[PDB]
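Below is one structure; the comments refer to it alone.
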Amino acid sequence: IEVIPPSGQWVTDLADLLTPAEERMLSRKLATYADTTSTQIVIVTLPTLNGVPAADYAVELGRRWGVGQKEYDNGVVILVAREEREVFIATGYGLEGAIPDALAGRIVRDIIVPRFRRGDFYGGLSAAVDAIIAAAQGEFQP
Ligand SMILES: [Mg+2]
Numbered sequence: 004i005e006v007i008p009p010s011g012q013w014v015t016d017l018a019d020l021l022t023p024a025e026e027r028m029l030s031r032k033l034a035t036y037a038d039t040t041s042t043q044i045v046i047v048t049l050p051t052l053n054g055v056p057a058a059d060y061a062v063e064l065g066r067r068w069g070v071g072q073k074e075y076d077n078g079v080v081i082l083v084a085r086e087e088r089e090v091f092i093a094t095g096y097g098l099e100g101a102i103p104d105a106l107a108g109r110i111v112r113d114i115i116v117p118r119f120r121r122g123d124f125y126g127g128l129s130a131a132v133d134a135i136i137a138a139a140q141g142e143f144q145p
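The opening residue of the sequence shown carries number 4 in the authors' numbering; numbering runs sequentially from there.
Structure (structure tokens):
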């Protein structure tokens with residue numbers, strides 16, 4: 004599997020879902036969380052996965068980019084595959100148990116997808132970040 008190379012960005016919006024101001028606001032939140040906790044959460048948006056499963060892509064991007072390694076200790080990839088209408092939340096092994104499949108799925112189904120169907124990409128991703136941070140803190144309360 005070949006994924007995109009490391010961007011150096013908290014938000015890599017290759018589907019161009021977000022305005023620059025929306026990217027900068029998400030990026031500030033993500034960077035601040037990483038600074039305080041050493042947990043690196045990144046957002047990647049892609050026009051298409053070209054037939055690669057979202058799970059496989061998210062895991063390879065976390066590996067290739069070293070998400071949650073190097074300067075950081077734990078990692079999350081939020082991968083948005085626009086053509087396939089998939090959102091895959093991938094956590095590093097360190098965070099095993101913090102976001103089970105049902106909690107990730109409920110973030111996608113109930114938090115992200117209804118916002119995305121209205122064109123509210125910033126709100127859906129912002130709320131997903133907040134839910135991920137709450138879950139990583141042991142404080143997610145659906
Ligand atoms: Mg953009």
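Ideal placement from N, C-alpha and C gives every residue a C-beta, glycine not left out.
Classify residue i as helix, strand or coil using the three-state DSSP reduction.
i, result
"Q144", "coil"
"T51", "coil"
"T40", "helix"
"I7", "coil"
Among residues of its own chain, excluding the 5 on either side of residue i, which ones have a beta-carbon nearer than 7 Å to its beta-carbon?
i, result
"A18", "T48, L49, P50, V83 and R85"
"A134", "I110, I114 and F143"
"residue 3", "Since the first residue of the chain shown is 4 and the last is 145, residue 3 is not available in this structure."
"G100", "none"
"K32", "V132"
"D104", "none"
Starting from residue i, follow the beta strand (DSSP E) in both directions and report where the run begins and ends.
i, result
"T15", "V14 to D16"
"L82", "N77 to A84"
"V90", "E89 to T94"
What span of residues does the alpha helix (DSSP H) with residue i cover, start to end?
i, result
"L106", "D104 to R109"
"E63", "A57 to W68"
"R120", "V116 to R120"
Can you tell which of the options has the C-alpha that lies nearest to the C-alpha of residue i?
i, options, result
"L64", "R112, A93 and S129", "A93"
"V45", "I136, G141 and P145", "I136"
"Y60", "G11, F119, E87 and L128", "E87"
"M28", "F124, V62, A57 and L52", "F124"
"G11", "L20, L21 and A34", "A34"
Going by beta carbon distance, what residues of the same chain come within less than 6 Å of residue i, once the five residues before and after it are set aside?
i, result
"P9", "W68"
"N77", "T42, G71, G95, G97 and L98"
"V14", "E26, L29, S30 and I46"
Whole-angstrom Cβ separation of residue i and residue j, contact assumed at under 8 Å?
i, j, result
"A131", "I102", "The Cβ separation is near 11 Å, so there is no contact."
"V55", "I7", "That pair is no contact at about 12 Å."
"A24", "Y75", "Contact doesn't hold; Cβ gap of about 26 Å is too wide."
"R118", "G108", "Going by Cβ atoms, the distance from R118 to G108 rounds to 16 Å, so no, they are not a contact pair."
Which residues in the same chain have their Cβ closer than 8 Å to the Cβ of residue i, if we skip the five residues on either side of it in sequence?
i, result
"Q140", "none"
"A58", "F91 and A93"
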